[PDB]
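Quick notes on the structure that follows.
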Amino acid sequence: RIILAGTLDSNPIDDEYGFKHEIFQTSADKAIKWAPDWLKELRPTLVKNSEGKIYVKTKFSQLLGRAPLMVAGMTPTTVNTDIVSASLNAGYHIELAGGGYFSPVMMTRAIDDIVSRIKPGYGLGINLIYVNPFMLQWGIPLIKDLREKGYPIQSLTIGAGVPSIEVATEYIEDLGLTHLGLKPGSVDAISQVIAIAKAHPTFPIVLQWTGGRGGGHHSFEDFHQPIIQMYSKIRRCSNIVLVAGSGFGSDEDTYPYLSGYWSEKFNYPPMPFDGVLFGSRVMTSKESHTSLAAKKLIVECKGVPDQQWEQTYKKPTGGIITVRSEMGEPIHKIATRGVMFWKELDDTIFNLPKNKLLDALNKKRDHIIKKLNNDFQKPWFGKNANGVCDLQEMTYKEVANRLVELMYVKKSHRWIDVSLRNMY
Amino acid sequence: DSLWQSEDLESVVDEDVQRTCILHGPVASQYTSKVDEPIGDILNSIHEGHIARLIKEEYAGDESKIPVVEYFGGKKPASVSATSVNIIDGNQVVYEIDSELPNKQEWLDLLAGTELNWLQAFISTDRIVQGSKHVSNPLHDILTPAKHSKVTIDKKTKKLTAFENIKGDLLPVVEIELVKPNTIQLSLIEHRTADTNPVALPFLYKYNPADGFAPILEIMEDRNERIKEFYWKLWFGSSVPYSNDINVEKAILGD
Amino acid sequence: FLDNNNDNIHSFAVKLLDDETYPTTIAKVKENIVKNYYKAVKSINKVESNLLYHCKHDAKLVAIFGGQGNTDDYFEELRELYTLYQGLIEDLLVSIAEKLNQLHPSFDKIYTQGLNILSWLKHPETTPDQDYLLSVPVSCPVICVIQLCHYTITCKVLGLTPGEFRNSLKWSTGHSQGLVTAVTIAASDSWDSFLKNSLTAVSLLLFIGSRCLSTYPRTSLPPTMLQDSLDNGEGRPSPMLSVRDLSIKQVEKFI
Amino acid sequence: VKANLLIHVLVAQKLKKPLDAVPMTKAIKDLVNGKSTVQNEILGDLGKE
Ligand SMILES: Cc1cc2nc3c(=O)[nH]c(=O)nc-3n(C[C@H](O)[C@H](O)[C@H](O)COP(=O)(O)O)c2cc1C
C-alpha cells in the first residue's frame, strides 16, 4: 500500500494509493486500508461437498455452483442440442451457440430439447453474436419473455463485440439473468466491460478473455499482454469474474493460469484466473456432431506452441491457417485443400476493388472452376455431358438433376434444408 | 455459410474432408490426441488433474485438510465495503424489529446465519426450481421487514417462525421447519376465518445438497390439491369435509 | 468536530471536501483548518493509537525516499509546508540553514545568488528564478530539507520521538538522492540526535551538490536543439533522460 | 416518413451528434470510425426497425 505522506489531497477516485492521513488514524482496526494481494485473496482453493466430492473453489466456481471449467459457445461446435445437454449432465457449464439458429421458433424448440433432458435445476447459457444484428432482433426479445416464462437459461454471453452502456443496462436490468458473459478482444474492449461493471456493481460479469491463439474468428492481439496491463483494474471491480481461454486442453497446461504462476515468467506478481473456457478441445468428443473423418483430421493436426502462432498468417502451422472472412476479420480454420483454396482467392481476387474484380475472374476462370470441383466444398454447378461448363449450356432436365445431386442426400433420403426443397 | 458441413460431411460432393472448412485453433491441437472420448471424461480428467495438483501443493497430500461444506454456491464472492459487524449468528434467537434497524437486504442475512445449512439456503437462494424452472424465491419478499414484527429461530436454525402484529395480539403467520428427512415445509398461517381458528398453507420444498446453484427445488407434485384444501377451509369452514368429486355439469346447490 | 478521533484533523480535513454545502477545493482546507490547528495547539506529545504495527506479523511499515527531479517546481512543496506546519519545523530548518550559511561561502563564485532558504520562505521576492533553484548545488541540500521535514512532521503529528518512530519501521531505503536521508533515519533517535545527524546529511549534499557541478558544468545549449526538443514533445535537454515503455534489453540495443 | 429522413434520424441519435454532423453521402463504417460494437449496433437498430 502506497501512502503519499507528503501531500494531503485524498481521495483518488480509484483509490490505488493513500495520502498523508492514513498514517495518522487512531481507530484501532479502521485505520488500515489494506492493499489487494492477488496471490492470497483470489487463489484457487479446494472444498468438499456434502456427498464428499471435491470441487475447486474459485470466484467463477462460486457463482455457478460447479467446477471452473466451462465449454465456450461456438457456432459449428455448440449446435448439437446433444453436446450442450450431456455435458451439463456431467456437471459443467455450457452456453448454447445462438449463431446456428435462425428463428425464435427454432431455438425455443431447441432449448426444450435441453430442459427436457438435463437434470431438474441445471441451467445453460446462450452465446449470441453481436455482429449479427438480425439475430439480436429476435433473440434478445426471445430471452426477455422466455425467462419470464421461467426457463433455465441462466446467462447470455455476447461474442464479437462489447455493447454500449445503455444497451448492456437493458441486458441486465430487465431480463432476469444470473450472470452475463462478455468476450473482449482489445484493451478498449476490456475497459468497456469495466465501464459496465461500475454501472451495475452487484451483478456478476464473466469477462471471457480469449487471445488470438484460439479457433473460430481470431483476434490480432496477444494473449498475455492486454490483461497484464489490465488485471490491476479488473480486480478493482469485485463483480467481474475473469475467465481465460483460447487454446486450453489439459490439466498440466492451464494449471499455471488458474494458480497465477504464469506471470513470474514475465517478472510480475502472480495473476490468478477465475475460470477456464474450452474452445477447440471439445470438438473431437464423442457427443459432438463433428464428422468422424473430420475428427480424425484434427487428431492428425499436431498443434503449435504459443511462441509461434503468429506465423499462421503465412503458412500452414500444424495444419491450421487463419483466413479472411466475408467482412474482413480473420477466422482460424484447419488447413484442408478447400481452406488453402480459400486463401488463394483472398490474396489474389478478393482483395481487389470492384473495377478489377470482374476482369480478374474472367482470366482466372477455368482455374477457379478446376478447384471448386476438386478442392472446395461448394462445387461449380455447371456439368453437361460429364464436362464442366457454363450454366446456360445445360438442359432443363440436367439442371434439375444437378439440383437433386447437390441438395438431396441420397444415402440418407433427406434434404439439406426444407428451404432448398422449396427452391427445387 | 461454409460452416455446417463439419457435422454433415456425408452430404458433400465426395465426403472428403478437404473439400470443407473446420474451425479450429493452432495451439489447441496438440492436446487433442484421442478421438471420441466423452465430453464429461474430457473435463473430468482435467479437473481431477487440477485437484491432484492442488492437493499435493497447497494441502500437503492430505484430503482431510480440505474444508467441507454442505452445498457449494450461492453466496456472493463480491464483497463491497460494508460493515460485517451487523452479520449476526445465534443459537436460540428472537429478532424484534421497528422502523429503522434493519433495512431489507441485510435482514435476509441476519436470518441466514454464517453457517451453511438449509435455512441459510432457503432464506437467500435467488431461485427455486419448480419442475425444471428457475422462478423467483418466495421467502425473498414475504419476509420483507415491517413495523412491530419479530421472528424466532431456535436451536441451530431448525425452525424459523415469523410473527407480525394483528389487532394488538401477536400470532404466527410464517413457519419454516424441517419435516420428514431433507424436506422443508413452509407453513404459511392465516388466522382470520369464520370461527377464528388459524389455518396454514402447507408448502413442500425439497433440499438438494449436491446442487448448489439451485439447492432447493419445490415439490410440484400434489401442489394444487394442497392449495385447494386450504381455501376449502377458508370459504366454507372445517365443518365440511374436503370433497373434490364435484360433477361439473350438475348445478351446485347452496343453503 | 473530532468525536473519538480528536487527534485526526488530517482525515477530518479531507472529509470536509465530500460535503456539498462546501464547494470543494483543497487550498481552503489545508490553510483555514490544518494550518490554524497546529498554529493554535499546545504540546502534541501524546503517543496516539499505535497498534497498527504492534500486530507485527500483519503490518510492516517502510519509509521510502525520493530523489532528484521528481517534479519541476520542487521548492513550492517547502513553501506550502512552511506556510502550514510552521510551528512544527521552525526550530528544525533554522538549525539547518545556519549550518548551510556556515558552509555557503566556501563554495562561492559558482552559485553567487546565495543559499538563504529562510529568506526565500519569509520573503518570496528574495527568491531566485527556478533555473537557479533546480540546479544541483541548490537542489541537493533543499530536497534533503524537504525529506527531513516530512519525517519530522510525521514524528511530531503523531507526537513520537524519531528513535521510537524508527522502531515502528521494518526497513527503509532511498532513491537517487534520498538514500542519505534513509541512513539519517536509522541513525537518529531523540530530538537532539536527529538534528546532529540531519546536519551531517544536509552538509553532505552540499558537497554532492557543488562538486557534481564543478566537475560537469552545464554549458549553454544550441537553440536549434532545445526548440526541436520542445516541438517533438520531449523535454528541455538535461544530463538525464527517462525512457519508458521499453525493456532493458532493447534500450541497450539502442545505446 | 422518407428513407433519407429515417436513416438519418436513427443514426443521429446513435452517434450523439448534430443531424448535420452526419452526411448521408458516406457510409456508417467510415462514419463510426472503427468501433466493432459501434457499426454493429448501428445496423442492429435499423435491422430490427
Ligand atoms: C469449432 C469452433 C467453433 C467456435 N464458434 C464460436 C461462436 O459461434 N461465437 C464466439 O464468440 N466464439 C466461437 N469460438 C471461439 C471459442 O469460443 C474460444 O474463444 C476459442 O476457441 C478458445 O481457443 P482454444 O480452442 O484454443 O481454447 C469457436 C472455436 C472453435 C474451435
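Just so it is clear, none of the values below were taken in a lab; they were calculated from the coordinates. When we count neighbours, we look across all protein chains shown, and the Cβ atoms used for this are built from the backbone with ideal geometry, even at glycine.
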Volume per residue of the C-alpha convex hull in chain C, rounded to whole Å³: 203 Å³
Suppose we keep just the DSSP beta bridges with both residues in chain A; what percent of those would be antiparallel, to 5? 35 percent
Let me understand the range C:1-115 better: what is its radius of gyration from the alpha carbons, and its Dmax, in angstrom? 19.3, 57
A:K119 versus C:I64, label points 7 Å from Cα toward the beta carbon: distance in nm? 4.9 nm
Report the Cα centroid-to-centroid distance between the range A:166-237 and the range C:175-234 in angstrom, as an integer. 46 Å
Expressed as a whole number, the average count of other chain Cβ atoms within 10 Å around the Cβ atoms of A:208-215 is 3
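Which percent of the Cα-Cα distances in the range C:92-242 go past 18 Å? Show your work: numbers first, answer last.
Details: 7151 of 11325 pairs.
Of the Cα pairs, 63 percent sit more than 18 Å apart.
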What does the convex hull of the alpha-carbon atoms of chain A project to on average, in nm²? 27.9 nm²
Extension length gain for B:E115 and B:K65 (0.36 nm per residue less Cα distance), in nm, is 16.1 nm
Residue separation between A:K378 and A:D222 times 0.36 nm, minus their alpha-carbon distance, gives in nm 52.8 nm
Fewest-first sequence of A:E326, D:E41 by Cβ atoms within 10 Å of each Cβ: A:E326, D:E41
Consider just the alpha-carbon atoms of the range A:96-255 and return their Rg together with their Dmax, both in angstrom. 16.1, 44
Expressed in nanometres to one decimal, the distance between label points 7 Å along Cα→Cβ at C:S95 and B:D245 is 10.7 nm
If you filter the range C:13-69 for trypsin sites (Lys or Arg not before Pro), then keep DSSP loop positions with at most 12 other Cβ within 10 Å, what is left? C:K42, C:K46, C:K56, C:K60
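If the only charges are +1 at each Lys and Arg Cβ and -1 at each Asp and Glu Cβ, what is the size of the charge dipole of the protein assembly as shown around the Cα centre, to the nearest 20 debye?
Computed charge dipole of the protein assembly as shown: roughly 1560 debye.
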Distance between the C-alpha centers of the range C:30-91 and the range A:1-65? Whole Å please. 27 Å
Roughly what % antiparallel, to the nearest 5, for the DSSP beta bridges in the protein assembly as shown? 60 percent
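At a Förster radius of 25 Å, what calculated FRET efficiency corresponds to the Cβ-Cβ distance of B:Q130 and A:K53, to the nearest 0.05? List each step's numbers first, then the result.
Details: r = 27 Å, r/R0 = 1.06.
Once rounded, the FRET efficiency stands at 0.40.
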With no solvent and one equal point scatterer per Cα, compute the Debye intensity ratio I(q)/I(0) for the protein assembly as shown at 0.07, 0.09 Å⁻¹ and report its log10, rounded to two decimals. -0.86, -1.18
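Please go through the range D:1-38 and write out the trypsin sites (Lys or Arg not before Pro) that DSSP classes as loop and that have at most 10 other C-beta atoms within 10 Å. Don't jump to the answer; show the numbers that get you there.
Working: sites: D:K2, D:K14, D:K16, D:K26, D:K29, D:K35; in loops: D:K2, D:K16, D:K26, D:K35.
Of the trypsin sites (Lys or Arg not before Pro), the ones in loops of the range D:1-38 whose Cβ has at most 10 other Cβ atoms within 10 Å are D:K2, D:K16, D:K26.
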Students often forget the sequence filter, so: which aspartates and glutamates lie under 17 Å Cα-Cα from B:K75 once same-chain residues fewer than 8 apart are removed? A:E41, A:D274, B:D89, B:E106, B:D109, B:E115, B:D126, B:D211
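Given the convex hull over the Cα atoms of the range C:90-180, what projected area results after averaging over all orientations, in nm²?
Details: hull surface 28.5 nm².
Value for the range C:90-180: 7.1 nm².
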Which of the listed residues, A:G100, A:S87, A:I143, is farthest toward the dipole's positive end in the range A:25-183, when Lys, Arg count +1 and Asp, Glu count -1 at the beta-carbon? A:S87
What list of ³J(HN,Hα) values in whole Hz, one per residue of the range A:375-387 in order, does the Karplus curve 6.51 cos²θ - 1.76 cosθ + 1.60 (θ = phi - 60°) give from phi, with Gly and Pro shown as x? 10, 9, 6, 9, x, 7, 6, x, 8, 10, 6, 6, x
Just to be sure I understand the model, the point goes 7 Å from the Cα along the line to the Cβ. What's the resulting A:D390 to A:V105 distance in nm? 4.1 nm
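Just from its helices, what would the mean residue ellipticity at 222 nm be for chain B, if runs of 4 or more DSSP H residues each count -39500 (n - 2.57) and the sum is divided by every residue, rounded to the nearest 500 deg cm²/dmol?
Details: 5 runs with 51 residues, N = 255.
The per-residue figure over chain B is -6000 deg cm²/dmol.
Using 1/(1 + (r/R0)^6) with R0 = 60 angstrom and r between the beta carbons of B:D41 and B:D255, what's the FRET efficiency to the nearest 0.05?
Numbers: r = 68 Å, r/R0 = 1.14.
The computed FRET efficiency comes out at 0.30.
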Given A:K33/A:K57; B:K156/B:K180; A:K48/A:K198; A:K119/B:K56, which pairs have Cα atoms separated by over 28 Å? A:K48/A:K198; A:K119/B:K56
Please give the helix A:135-149 orientation as an angle from the longest Cα principal axis of chain A, in degrees from 0 to 90, rounded to the nearest 10. 60 degrees
With T = 37 °C, eta = 0.692 mPa s and Kirkwood Rh from C-alpha pairs, the Stokes-Einstein D of the range B:40-166 in µm²/s is about 186 µm²/s
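What ranking of A:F203, A:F376 emerges when the number of other C-beta atoms within 10 Å of each C-beta is taken as an exposure proxy, fewest first?
Ascending Cβ contact count within 10 Å gives the list A:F203, A:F376.
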Quick one: helix A:337-348 against the long Cα principal axis of chain A, what's the angle to the nearest 10°, folded into 0 to 90? 80 degrees
Skipping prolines and chain starts, which residues have an amide H placed within reach, meaning under 5 Å, of the one on A:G216, given they are 5 or more residues away or on another chain? A:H332, B:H24
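Given only helices, namely DSSP H runs of n ≥ 4 each adding -39500 (n - 2.57), what is the per-residue ellipticity at 222 nm of chain C, to the nearest 500 deg cm²/dmol? Kindly include the intermediate steps, with their values, before the conclusion.
Values: 13 runs with 121 residues, N = 255.
Helix contribution divided over all residues of chain C: -13500 deg cm²/dmol.
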Let me know the mean shielding of B:122-130 by other chains, meaning the per-residue number of their Cβ atoms within 10 Å of its Cβ. 2
What residues from the range A:221-258 fall in the zone where the backbone N is under 17 Å from a label point 7 Å along the Cα-to-C-beta line of A:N267? A:225, A:228-229
XL table A:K315/D:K14; D:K2/D:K35; A:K59/D:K17; B:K155/B:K233; Cα-Cα > 30 Å flagged, in table order, is A:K315/D:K14; A:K59/D:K17; B:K155/B:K233
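When Rg is the radius of gyration of the Cα atoms in the range B:19-85 and Rh is its Kirkwood radius, what does Rg/Rh come to?
On the way: Rg = 19.6 Å, Rh = 16.8 Å.
Using Cα coordinates only, the ratio equals 1.17.
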Under 26 Å Cα to Cα from C:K109, which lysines show up? Leave out anything in the same chain fewer than 8 places away. C:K99, C:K122
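Please report C:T215, C:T154, C:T71 as a ranked list, fewest other C-beta atoms within 10 angstrom at the top and most at the bottom. Provide the component values of the computation, followed by the final result.
Numbers: C:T215 7, C:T154 18, C:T71 10.
Fewest-to-most Cβ neighbours within 10 Å comes out as C:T215, C:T71, C:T154.
Cross-link list B:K104/B:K150; A:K265/C:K249; A:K20/C:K30; C:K35/C:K196; A:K30/C:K30: which exceed 19 angstrom alpha carbon to alpha carbon? Each step should come with its number before you reach the end.
Numbers: B:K104/B:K150 14 Å; A:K265/C:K249 16 Å; A:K20/C:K30 12 Å; C:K35/C:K196 28 Å; A:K30/C:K30 24 Å.
As for pairs spanning more than 19 Å Cα to Cα, those are C:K35/C:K196; A:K30/C:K30.
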